[PDB]
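Q: Chains as they are written, first to last, in PDB author numbering: chain G, 4 to 908; chain B, 1 to 8, 18 to 31, 36 to 72, 88 to 220; chain I, 37 to 180; chain C, 12 to 206, 215 to 221, 229 to 600; chain F, 296 to 442.
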Amino acid sequence: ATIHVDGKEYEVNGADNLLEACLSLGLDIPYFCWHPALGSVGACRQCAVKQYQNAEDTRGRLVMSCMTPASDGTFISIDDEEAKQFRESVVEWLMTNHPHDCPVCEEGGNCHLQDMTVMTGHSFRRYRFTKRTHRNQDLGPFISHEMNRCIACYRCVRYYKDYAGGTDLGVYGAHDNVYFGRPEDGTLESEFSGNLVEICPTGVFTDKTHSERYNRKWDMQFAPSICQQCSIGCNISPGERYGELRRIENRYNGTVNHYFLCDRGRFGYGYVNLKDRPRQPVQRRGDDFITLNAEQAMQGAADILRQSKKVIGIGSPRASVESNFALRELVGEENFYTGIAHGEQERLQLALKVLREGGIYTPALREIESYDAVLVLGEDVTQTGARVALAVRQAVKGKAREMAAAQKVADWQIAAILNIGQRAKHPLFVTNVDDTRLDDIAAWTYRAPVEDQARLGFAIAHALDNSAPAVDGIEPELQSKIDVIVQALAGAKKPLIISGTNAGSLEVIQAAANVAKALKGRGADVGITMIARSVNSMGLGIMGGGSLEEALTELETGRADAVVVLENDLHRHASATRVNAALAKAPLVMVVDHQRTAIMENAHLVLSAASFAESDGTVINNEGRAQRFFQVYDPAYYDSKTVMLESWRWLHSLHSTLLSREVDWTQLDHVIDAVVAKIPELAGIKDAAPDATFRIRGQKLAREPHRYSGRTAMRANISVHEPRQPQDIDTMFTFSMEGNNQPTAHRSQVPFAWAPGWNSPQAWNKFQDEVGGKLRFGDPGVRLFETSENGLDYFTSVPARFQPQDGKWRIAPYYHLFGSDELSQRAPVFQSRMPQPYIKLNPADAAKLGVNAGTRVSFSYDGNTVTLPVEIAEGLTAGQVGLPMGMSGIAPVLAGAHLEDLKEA
Amino acid sequence: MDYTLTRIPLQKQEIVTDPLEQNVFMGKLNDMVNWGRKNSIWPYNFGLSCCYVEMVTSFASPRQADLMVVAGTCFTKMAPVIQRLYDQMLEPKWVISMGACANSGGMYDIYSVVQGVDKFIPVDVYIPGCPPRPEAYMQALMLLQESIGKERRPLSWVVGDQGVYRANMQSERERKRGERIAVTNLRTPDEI
Amino acid sequence: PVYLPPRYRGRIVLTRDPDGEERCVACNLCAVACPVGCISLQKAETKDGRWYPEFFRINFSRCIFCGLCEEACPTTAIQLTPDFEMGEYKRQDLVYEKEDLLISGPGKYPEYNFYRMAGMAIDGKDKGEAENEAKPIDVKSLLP
Amino acid sequence: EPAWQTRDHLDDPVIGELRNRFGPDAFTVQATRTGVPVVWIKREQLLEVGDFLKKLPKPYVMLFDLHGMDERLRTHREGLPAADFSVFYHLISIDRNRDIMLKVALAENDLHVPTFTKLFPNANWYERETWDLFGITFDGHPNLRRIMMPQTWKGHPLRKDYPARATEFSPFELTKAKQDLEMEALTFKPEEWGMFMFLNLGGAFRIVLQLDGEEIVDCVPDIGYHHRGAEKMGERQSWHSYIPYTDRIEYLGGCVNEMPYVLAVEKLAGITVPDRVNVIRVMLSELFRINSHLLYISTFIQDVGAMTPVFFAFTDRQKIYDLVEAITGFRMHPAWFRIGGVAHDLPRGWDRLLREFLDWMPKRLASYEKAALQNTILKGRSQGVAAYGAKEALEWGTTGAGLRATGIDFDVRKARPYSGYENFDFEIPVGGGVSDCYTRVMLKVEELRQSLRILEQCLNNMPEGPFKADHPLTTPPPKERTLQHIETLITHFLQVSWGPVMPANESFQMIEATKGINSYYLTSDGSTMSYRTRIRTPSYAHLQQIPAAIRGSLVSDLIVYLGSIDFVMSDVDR
Amino acid sequence: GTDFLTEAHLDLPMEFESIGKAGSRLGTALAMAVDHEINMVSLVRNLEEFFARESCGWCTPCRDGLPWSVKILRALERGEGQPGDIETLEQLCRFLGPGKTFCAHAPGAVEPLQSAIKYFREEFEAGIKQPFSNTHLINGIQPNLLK
Ligand code: SF4
Ligand code: SF4
Ligand code: SF4
Ligand code: SF4
Ligand code: SF4
Ligand code: SF4
Ligand code: SF4
Ligand code: FES
Ligand SMILES: [Ca+2]
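(1) Taking C-beta pairs closer than 7 Å, name the residues in chain F that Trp96/G reaches, listed in chain order.
(2) Any heavy atom of ligand 3 closer than 6 Å to the Cβ of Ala389/G?
(3) Once the 5 residues before and after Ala394/G are set aside, which same chain residues still bring their CB inside 7 Å of it?
(4) Note down, in chain order, every chain C residue with its Cβ under 8 Å from the Cβ of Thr430/F.
(5) Give the straight-line distance between the Cα atoms of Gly133/B and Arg176/C, rounded to the nearest whole angstrom.
(6) Starting from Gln286/G and walking both ways along the beta strand (DSSP E), at which residues does that stretch end?
(7) Using a Cβ-Cβ cut-off of 7 Å, state whether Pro492/C counts as contacting chain F.
(8) What residue does the alpha helix (DSSP H) around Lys356/G start on, and which one ends it?
(9) Of all the options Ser234/G, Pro746/G, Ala40/G, which has the alpha carbon lying nearest to the alpha carbon of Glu626/G?
(10) Specify the secondary structure class of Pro895/G as computed by DSSP and reduced to three states.
(11) In angstroms, rounded to a whole number, what distance separates the CA positions of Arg374/C and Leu429/C?
(12) Determine which residues of the region 134–152 of chain B have a Cβ less than 9 Å from any Cβ of chain G, and write them out in chain order.
(13) Just the Cα atoms here: how many angstroms apart are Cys237/G and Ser147/G?
(14) Sort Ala416/C, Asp172/C, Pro286/C by Cα distance to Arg698/G and report the nearest one.
(15) Who are the neighbours of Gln115/I on chain G, taking C-beta pairs under 7 Å?
(16) Residues of chain F with CB closer than 8 Å to the CB of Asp496/C, please, in chain order.
(17) Using the three-state DSSP reduction, which class does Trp653/G fall into: helix, strand or coil?
(18) I want to check one thing, is the minimum distance from the CB of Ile235/G to the heavy atoms of ligand 3 below 6 Å?
(19) Tell me, please, whether the CB atom of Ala177/C is closer than 7 Å to any CB atom in chain I?
(20) For residue 227/C, which of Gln400/C, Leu57/C, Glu55/C, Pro70/C has the nearest alpha-carbon?
(21) Could you check whether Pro125/C and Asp143/C sit closer than 7 Å to each other, using their CB atoms as the reference points?
(22) Within the structure, which residues are defined as neighbours of ligand 6 by a Cβ-heavy atom distance below 5 Å, reported in chain order?
(23) How long is the line joining the alpha carbons of residue 606/C and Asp141/G, rounded to whole angstroms?
(24) Suppose you measure from the CA of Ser184/B to the CA of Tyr154/B; what does that come to, to the nearest Å?
(25) Per DSSP, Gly885/G is paired with what?
This is how it looks when you write it as structure tokens:
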């Protein structure tokens, strides 16, 4: 369409809002209640402009930019007298009752209300009466809440109810005494409550974890990185101050993770600033530990490796592609073992085969929301990686969206869409062992063991296409439910099949592939996605290697006398006693890691590897795209004794000193050249971010804002003589303020969102070609996969029905969000949020055991009789006991494993 | 108190004890030498940018002055002149750094400014702040006078230790801590 | 002794309120208004209420006594005394820590307290007990 | 229409003459808030454009400024030619009492401009400074070398990709430069400098001297020894944080030095300050002008009489320093000019101090006139040598007392008034004929008298309005409303911390400084910092013309001329 | 919900269009009479109190302007009116018209303010006694008293 703003012609979209069309042109209209991902309401009246119909008009009408469609022939005006003074009156009405507590506010220089108060140009106060005050609420360990700062813009409840689907927060109040929160005091049980810090334009909902050890936004040294907590790989902006990581911000990327993070990735950054982390190369000699620098530690490690006869490199899914390849080059290629179990590696390889050889397009996180039906097989999506679950919520709301669009109403007014919808949902069929958080909006939920979920998928694939292998023994009511599922999926334009390796069985992945092939064979636009376990598990599968059990057999047999374990706990992927015995039998154990694990004891050398806040690396998504994360700070800037070098740097220098007896501190793009010249499947990772010699208009990119404070007194407590800024040869980023963070810069990766006059998280709209859409000049990361021309075959192996037995108990995975990751559970803030280690029993199983809820029972695994209190689960089945995977002492390998001796303690 | 010594910015200094804690003739003679160096001090006010009028209005051939006042900003083109004039002087020599420009970078953290005089020559006495008052300079003269009054320098180059001894004096901020913290009220800035 | 006017930019101090606590609320306005960049501090929070600076270091070898920090303080905490009798033997001991700046009384602004204007919950100051703030009317109250 | 309105000056007669001469095309008029018609010129026709300007009926006989500009990171370039670099030439026509800006466009791959020194001889040091700070080469320019940075410099400082920090101070570079300083006098090469015996005679700066016996034949002074980098830090600091850096340009001026930056920032924001702010600005500027004039007259009269030349001047400078200490913070650099006003209000004792000052100075002025008339030996000695008149002071810059000593009645306070100087009645004194070393100090004595009369008029009727404007962009806002109003706290919080967000325009403020004409030309890219700060200082043009008058003089004559010129080396190097 | 009319408008026929051109509207056509014994300051204060406490909390201008009108009218009733209240009320009622707010509660709320400001201006002018006082002194900072 063609509009005229300020007596000037512009060409904008026709079906979008006028506010987003004007913001996509770079013009400045203040707003409080409109969000690009939440639609438009009238909770404020801040976006007021003056509209004229004809080309020439005198009076016009004061309209809202977020309520006016950007149609052909509108002549609106922004900086006239009346609209500007009306917006000044609206910000005056917002400052009518606002507390005078800006310097003691967690927003401060990150506050949208300050930016829009300054932008409207209101400084003189004419209000002389009393203000409005409210009490406070305890909203858990993550969201600090205080109601005085609010302006009643209704964005929090709009996100939390319509978008996030949470059933906790809401509006309780009246004309002026309007309250936003919880009817009681308690933790917000939604997994997306951490996005309220950036959704709220005021300091009502703030980061409690950042409130403790707080610094302002301009003091934050930011970096563009990837969240390492699970496989969704949401683009994040970690920001540090005084040598510790302080705040993770949402980093905009229009392909994956546009506006919202999950709670785990938002609040699981407390492990990188732990005080028990390995910060020095520590080698134990005799019975006491000595501390070395990098040089003599590398020399000694290379001498012991030269004196050894065979080296085993045990990688990890938590490590980067560059670090795992550096290990793969340090040890021989024929002996390099992936740090996962045999069943886990089989599930990962089958998932990769489905991804890159099934011939079915795998959707990204943004385009999951555009699909017409969702079938989730055996995956706790809301608890493993919750961003796909949020996208599934949006895809469910897509039916109400399209039904509203059929009534010729606009798509940016979410109130009319939810008016027309009225609990009209796309078909969502979730299968899990127990109840999920998606059951509120699901068309159907199937509570069954993993084999029964796989058989349900096989029945769905057989009903969709007769070429699939048939499964017998289906009950007529279950057959009717299969008929309902397949007539919902056959009538869907773009069906979606979601699975994962966290189900604990190959047959669920096989059933998901069979259903996707059956949907593709009849001409549907089916997509399939698999949620992997760790952040770079799929990259480890692409690179490949032996399983952990093969390496343990090699260590126990004695064929290798030297083992190098890279960033792996080794207890989550195998049994603890066998791993401890194999590592004790090895004459040389080197552990390259950044976290104090249980294998550092009786380990001959410990290399202080760098975490994602202190290292550069490449991680591969669950979708299949390869993104890369950058360093946030130099660990040697403060406490210069520590080195904390990158894992790939450590292993490559070890390899170079093994060969030529010389230490080489190489560069990251050399390792990228190595991985694209050695592995043809990883040849595409040199397209996510460019070379380190990439300078737009001659200069680098800044980690920190232009108002970085205290540069001559930050390190003055130990030395007044200011040290040189840390020179970064690995990346295209300088560690200090003299870079470039201009929104109109030809780049794909942005450290942080800051524009002149836009100091809020709502400053990301200046970095996009259209606001709420894709990022300008492309998106970070490249796909690395193509849809295959010819798919796989139908998987004939249909599993049998799960028949319970009295002596043997089947372990059912649960995967709690705040407790199914080692890196998450090492954070001190998750301990008050994570539930206590429990076990789950059927009512019939609890009756046959004679125990009640809350009573300790003892179960024996690996010769250890460990005791846990029970919980009665209605959705669980007989013969199964439920366990939270990833716990302390409960490895995720046990998912699908058997259990014995369920006796009361 | 403890003492640091320099014996023959990259030099080495470690902590020792004075040799007078052990010849009572040498103790009186060294005290008289320190007294003579204390009450007779000739400064060399270095010509630089804009602490000149603070050393002009406070009240001079080189190589006879044992005290050098580095006042202005230390630039990349002027620093070799500072080093040459410093090596022109003869030991014993002491340095007073006037203003922030000589203590540190002094509001100029830019490419053409050397971050303090400490980068090439040692500095004995510092005066902080953009242009210091001449009374601050005169108080620094007291500070360096008492610092000179407590040293242990060799009398001759024939017999004795060939290393000058600097005194690890108590800092002025801890000595004045009681008088500075114990300030209750101040005059409001709305009057004169 | 030399007479100096009250509006003299000499030695920099922190200030206490008439209540007796430290009136600095550990924001970062003075650290970022500094053209030199010689103020460093980190916020800590009391178990009941108010913010205080965990540390507060000023590099006086770098400061030029320009006065932007006092002008930028919304609590009138950082102030410029007329004291100018400074000078240290070492550059390392020109960095004044928290104990070297916080004085035991209100300085050039005797009867100002920020926390009587702020809206947060403070020990000895409930909600609505601040200046020009009404008592918090309950949401569940019977009043229409 | 306000004075900060974004005009294009299409009604200026010079624009119509350019249209009639070179057609409607071939130049692009830019609309800016500078108050100056800015036209963009292609590279080829710059010489003929200037040559046409040289023989206008009321010609542009003075090149006020000449400097480069890195346009590679300017995002708000609307209505402007596509140029990666731009060289701006600020020209002033005294007869028209107008001024124009001539911006030659440039691409990145060819940073070559034809030289401008054949038309205006003061363009030599400006083009050398452009080749220093930027990477712009000038074709046909003699001795094109590094003037401010040392010759062993790798990059260009003012270019946008140059890091504006001090590097790691390796002592190897210091020892190497000391070794270059060791043999620069014995192994001197008279081909790099663009030059009988050669020596280096040691503000503080050195000048290379060539002598036929004792007679000076050639002299190219070496400057850049006080380069603080004011403009590059102007690209680094915010609008509010640059005020101390504006103080530290020249040390005698101070408050006069922060007047043009504050007024240009107010032009960029669009702030119209009230009457009391203008009167306070005039008062403090004339106080510091009195300080600088007293220092110059004291250092010019000391060398002959020396009976009481410093004690007679010490009381006046100390009492005005106490007055500045009462009004502002410390004495030399007030840092007291804020955006839209001043940092604080005047106390309840400034009337007594100013009245005690003003009734005690007239007999000092009579004594100064008596002392400047008593020593007739200096009057017969310094009146003969090196007296330029009416043409050398108009082509070499020379904005100070030399311009008014040559008879050219051009003062900024009367031609282009600023900060409410129209309300003060003061008669600008001018010389006659040549710019002698005695006419300059006589004009500075009469300027002291005029400044005293201005201060008397300020003390007579003082406005009782506000000391800060009511604009929302006045940084900082008033302190009491900051402490007890939420909205004022918002404005103070965002203007102090991030910086005042300012509209993307260009402004130019030109004032009469204490030793000439100072000017701040500020380009804003819409951000909270300055995209470009250009500081045109009078001492640069005053020092550039000393080879044109010591051409056949003696060394003592050169020292006398250096003493009689009011240049400051840190003001030269910014 | 409608706005006041004086005695000169009593001859108008109570229609929609007939009262429309008189700067008014018919509404529910149930008329209400105000006598000289009732001050319109208290009456319009009660009307604005009803509209402020019976509005919803959705959109900003009504939400934070009807309590402001309530407090201004309370100050005028209690004799504590200040310079900057009548113009504030008329700017409020100009900015609370149709289209500026989300619904039509606010134009009907501020229409009695329109008529009371237009006709009985002298009572609101007599309600202002004390001068403007929004800020108090700090006795360490010179105030920015503009003249
Ligand atoms: S709490 Fe925040 S997001 Fe919610 S209505 Fe208030 S200002 Fe808006
Ligand atoms: S939410 Fe914004 S406006 Fe409100 S107190 Fe915090 S910083 Fe100030
Ligand atoms: S969904 Fe996974 S990758 Fe995304 S923020 Fe959460 S833990 Fe991190
Ligand atoms: S400390 Fe201040 S007055 Fe002294 S040289 Fe530096 S800038 Fe000039
Ligand atoms: S007086 Fe100026 S330079 Fe010194 S600490 Fe304060 S803001 Fe920084
Ligand atoms: S001294 Fe003032 S400006 Fe600085 S942190 Fe404390 S309260 Fe904030
Ligand atoms: S005008 Fe209507 S929608 Fe807006 S707050 Fe008032 S009653 Fe609610
Ligand atoms: S943005 Fe709130 S009314 Fe449009
Ligand atoms: Ca790195």
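Positions of the beta carbon are idealized from the N, C-alpha and C atoms, including for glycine.
A: On the basis of the coordinates in this document:
(1) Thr355, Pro356, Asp359, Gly360
(2) yes
(3) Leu368, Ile371, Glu372
(4) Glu506, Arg507, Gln510, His511
(5) 11 Å
(6) 285–288
(7) yes
(8) 345–360
(9) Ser234/G
(10) helix
(11) 40 Å
(12) Listed by position, the residues of the region 134–152 of chain B near chain G (Cβ gap below 9 Å) are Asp137, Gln143, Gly144, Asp146, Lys147.
(13) Straight-line measurement puts the Cα of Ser147/G at about 24 Å from the Cα of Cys237/G.
(14) Each of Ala416/C, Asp172/C, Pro286/C was checked against the Cα of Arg698/G, and the nearest Cα belongs to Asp172/C.
(15) Here the premise fails: no neighbours, minimum Cβ distance about 16 Å.
(16) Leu441
(17) Shown here, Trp653/G sits in a helix according to DSSP, grouped into three states.
(18) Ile235/G: yes, Cβ under 6 Å from ligand 3.
(19) It does not: the Cβ of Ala177/C has no partner Cβ on chain I nearer than 7 Å.
(20) Placed between 221 and 229 in the numbering, residue 227/C has no coordinates, as chain C goes from one to the other without interruption by modelled residues.
(21) no
(22) Sorted by chain position, residues whose beta-carbon lies closer than 5 Å to a non-hydrogen atom of ligand 6 are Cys60/I, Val61/I, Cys63/I, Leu65/I, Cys66/I, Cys109/I, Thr111/I, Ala113/I, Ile114/I.
(23) No information on residue 606/C is available, as it lies outside the stretch 12 to 600 that chain C covers here.
(24) Looking at the two C-alpha atoms, the distance is approximately 29 Å.
(25) Note: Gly885/G sits in a beta bridge opposite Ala815/G, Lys843/G.
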